[PDB]
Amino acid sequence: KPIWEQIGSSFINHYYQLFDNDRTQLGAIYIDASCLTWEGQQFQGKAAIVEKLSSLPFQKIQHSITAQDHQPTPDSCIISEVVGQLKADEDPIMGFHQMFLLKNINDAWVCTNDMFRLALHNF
């Protein structure tokens, strides 16, 4: 795998790792200019984004990835796509799709753009 795939796959892994153990720690991977579109709702900046994710009414959450793709961009960013399922407490299993735009700032890969959508009908 090319370097953008190694970085992206690793960022994806670390992201869900954090999200699934303590989403209040996701601030380390967003910056003030970060944009998040979560089920059509928009949020900008590390504070507002973490607040939104933290507000999700779940105690236990687990992401399982069924597919991911990564590409390099001309401004040296990495764009990543992920599809999978999520198990939050006793809720029925739900499919999700997520997109990330990554940029290296201050020698750290951060997410500048995040778009998340859930499957309307699940098995």
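Residues carry their position along the shown sequence, with the first being 1.
- Note on 13 to 21 vs 109 to 117: mean CA B-factor is higher in 13 to 21.
- Taking the deposited Cα B-factors for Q62, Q71, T37, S34, the highest one is held by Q62.
- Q41 sits in the highest third of its chain by CA B factor, as recorded in the PDB entry.
- In the PDB entry, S54 places in the middle third of its chain by CA B-factor.
- Ranked by Cα temperature factor within the chain, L86 sits in the highest third according to the deposited record.
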